[PDB]
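Take a look at this single chain, the form deposited in one PDB entry, given in structure tokens.
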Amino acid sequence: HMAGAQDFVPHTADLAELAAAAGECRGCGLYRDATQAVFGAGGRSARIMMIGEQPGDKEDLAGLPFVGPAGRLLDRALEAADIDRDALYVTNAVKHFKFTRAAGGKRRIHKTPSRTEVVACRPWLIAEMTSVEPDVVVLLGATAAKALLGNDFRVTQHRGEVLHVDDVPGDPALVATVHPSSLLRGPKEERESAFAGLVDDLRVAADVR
């Protein structure tokens, strides 16, 4: 248990115990500056798991995943797909906010977790997957997609595709889609196109049998 977060992950599938243990994780350096660990949220009967990159500024203080503008956009997209809450477990590839500030900024600015951090934190993701046994996993953005599909995976090339990789416990369906935060910037028309495609991918996931 010498690698990354491995020794911090208890031998239990209980999400409450997992979240408590993740609160004490020192498996990479990100715990130092962040406020708290942000574990995933939902229950183990969920059939759809969603994985973002990391808790953001709001998530870091809320102690819950997907609470910012990007979570609100995600809510809009789940609505437009016909996805119910009880079906969902939502979490992040890295579970401590990695960040910096810029003078005059209105928020703390997220920084991209390195591959080393993603791999160090992945024992938690594996624990969550084995705990939840989802039918499908939605990977929201490149960091999360690469966490499970390989450092060379390209989200832009596999949109709407149902993927299956044989080193993911329980062989769930996998669907890689856009980083919802990316849909906050830019021309309305392209944000609307992007939103429709995210809904497309969520429907694809929700229809996995």
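In this text, rigid core is short for the largest set of C-alphas that superpose within 1.5 Å between two forms. One rule holds for the numbers: they count along the sequence shown, beginning at 1. Only residues modelled in both forms are compared.
As for the form deposited in another entry, it is not shown, yet the points below apply to it.
Asks: Taking the rigid core as the superposition reference, indicate whether the CA of residue 107 shifts 2 angstroms or more between the shown form and the other one.
Replies: Yes, shifts by 2 Å or more.
Asks: Taking 2 Å as the cut-off, check whether the CA of residue 10 shifts that much or more between the shown form and the other one after a rigid core fit.
Replies: After core superposition, the C-alpha of residue 10 moves less than 2 Å between the shown form and the other one.
Asks: Just to spell it out: taking the C-alpha atom of residue 186 and the C-alpha atom of residue 142, is that distance smaller or larger in that other deposited form than in the structure shown here, given it changes by 3 Å or more?
Replies: Pair moves closer in that other deposited form.
Asks: If the CA atoms of residue 106 and residue 29 move by 3 Å or more in that other deposited form, do they move toward each other or away, so closer or farther than here?
Replies: Closer in that other deposited form, by 3 Å or more.
Asks: Please list, in sequence order, every run of 3 or more consecutive shared residues whose CA atoms are displaced by 2 Å or more between the shown form and the other one on a core superposition.
Replies: Runs with every C-alpha shifted by at least 2 Å: 101-107, 185-189.
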